[PDB]
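Don't worry about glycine lacking a Cβ; one is built from the backbone with ideal geometry, like all the others, and counts go over all protein chains shown. Each value in this text was obtained by applying a stated rule to the coordinates, not by laboratory testing.
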Amino acid sequence: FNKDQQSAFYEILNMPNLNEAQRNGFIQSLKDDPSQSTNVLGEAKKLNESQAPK
Amino acid sequence: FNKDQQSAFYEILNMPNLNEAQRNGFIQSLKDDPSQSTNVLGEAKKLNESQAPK
Amino acid sequence: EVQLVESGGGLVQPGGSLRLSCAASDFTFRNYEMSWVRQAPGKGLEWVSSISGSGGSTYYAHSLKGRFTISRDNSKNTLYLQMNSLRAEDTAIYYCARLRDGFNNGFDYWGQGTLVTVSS
Amino acid sequence: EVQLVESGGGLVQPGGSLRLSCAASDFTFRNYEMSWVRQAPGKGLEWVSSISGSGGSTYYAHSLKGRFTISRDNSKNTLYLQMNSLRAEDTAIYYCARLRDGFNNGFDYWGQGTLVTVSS
């Protein structure tokens, strides 16, 4: 329903450097409180970037 | 795009009688082909139903 | 010299999930429609799933509808099959096949196949 | 109903040798062509060796020609495969398979398989 919500949903669903537990965790957070979706996207990307190897 | 996809995702996250491998398996099925979202849920809810010791 | 190779598969207990991979080489692979077929002990070949050359059209059978899922990465020349809610009847040799001219002219190249055994 | 069982196999150090035996039952063993195939865990099947119904026609793969050897005793309903100069890549689960209607027409019954591990 919230347009801010689903775009972050597909953003986190397609994050490559997370593992399945972190993906499902941040996505479950998008369900519990749809007001914090933006913040949820920020801390997932931050983790996803720091967990990527070169 | 498909809202049925997102609703089946949150449907499967909260299934109690599944273990992490089965939960992530049906989620991977929702990732590969989002057209079968209804069918996967039917067979997921069925399996969860069979794994309850109630 | 067309060549396909299967990867993945092994022993899992009933109710589990697997994911099979097929690596093609020496052709375009995004122009041909692909298919997965399986062979149970004692029975003939049984058709399982298919995907179009571009993707966006996926075809499934009834013995496995709602449990299997097919996808392809045309940039890596790879084709995947995801198995869920596995049963004891699904134990078989799974083969990765290229269809020439769509569903109209049959198969022309196979893989070596991979074995899936489901027991306790 | 048809039943096949593999026997023999285990851990050996590199460069060593083993010998596998396959016991068939409940069908005419001298009319069907038999074969040995192997599969490492997580990867696909690889064809290894095959022999005709009577013997006197033997075919091997290219990775192991001159190292493995196939034979059959049609009076004991038994099929043997001996491995020599084993390497670390040869580790796999080995299966005993019956071909329907000759060589190029596929499989209809295999066995439970046995493990061959080569390490130090």
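Within the stretch B:23-32, is even one residue out of contact with any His (no Cβ under 9 Å at 6 or more places or on another chain), charged (D, E, K, R), at the interface with chain C (Cβ under 8 Å from one of its Cβ atoms) and over 26 Å from A:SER29 (Cβ atoms)?
So far as the stretch B:23-32 goes, no, none of its residues is out of contact with any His (no Cβ under 9 Å at 6 or more places or on another chain), charged (D, E, K, R), at the interface with chain C (Cβ under 8 Å from one of its Cβ atoms) and over 26 Å from A:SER29 (Cβ atoms).
State the number of residues belonging to the stretch A:8-22 that are within 9 Å of chain B (Cβ to nearest Cβ) and either surrounded by 15 or more Cβ atoms within 10 Å (Cβ to Cβ) or not polar (S, T, N, Q) (or both).
Here the count works out to 5.
If I ask for residues that are in a loop (DSSP other than H, G, I, E, B), closer than 19 Å to D:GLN112 by Cα and of a type in the set (D, E, K, R), which ones from the stretch D:1-55 would you list?
D:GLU1, D:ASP26 - these are the residues of the stretch D:1-55 that are in a loop (DSSP other than H, G, I, E, B), closer than 19 Å to D:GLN112 by Cα and of a type in the set (D, E, K, R).
Kindly indicate whether any position in the stretch C:67-81 is assigned to a helix (DSSP H, G or I) and under 17 Å from C:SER17 (Cβ atoms). Working first, answer last.
At the first step, the residues of the stretch C:67-81 found to be assigned to a helix (DSSP H, G or I) are none.
No: zero hits.
Take the conditions of a type in the set (A, V, I, L, M), part of a loop (DSSP other than H, G, I, E, B), closer than 25 Å to B:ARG23 by Cα and without any contact (Cβ under 8 Å) to a residue 60 or more places away in the chain and apply them to C:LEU86. Does it pass?
no
Out of the residues in the stretch B:33-54 that are among the small types (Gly, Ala, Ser) and closer than 21 Å to C:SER71 by Cα, state the one that is farthest from the other protein chains (Cβ to nearest Cβ).
The extreme case among them is B:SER37.
Can you tell me which residue within the stretch C:62-92, out of those that are more than 10 Å from the chain's Cα centre (by Cα) and of a type in the set (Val, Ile, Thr), is surrounded by the fewest Cβ atoms within 10 Å (Cβ to Cβ)?
C:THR78
So which of C:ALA40, C:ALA61, C:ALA23 is within 21 Å of B:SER29 (Cα to Cα), among the aliphatic types (A, V, I, L, M) and touching a residue at least 24 places away in the same chain (Cβ under 8 Å)? Reasoning before the result, please.
Details: C:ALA40 fails: within 21 Å of B:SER29 (Cα to Cα); C:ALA61 fails: touching a residue at least 24 places away in the same chain (Cβ under 8 Å).
From the options C:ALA40, C:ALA61, C:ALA23, the qualifying one is C:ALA23.
From the set of residues in the stretch C:63-76 that are closer than 11 Å to C:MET34 by Cβ and out of contact with any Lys or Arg (no Cβ under 7 Å at 6 or more places or on another chain), which is farthest from the other protein chains (Cβ to nearest Cβ)?
Per the criteria, the residue is C:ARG72.
When only residues in the stretch D:1-56 that are of a type in the set (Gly, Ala, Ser) and more than 18 Å from D:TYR80 (Cα to Cα) count, which is surrounded by the most Cβ atoms within 10 Å (Cβ to Cβ)?
Checking each candidate, the answer is D:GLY44.
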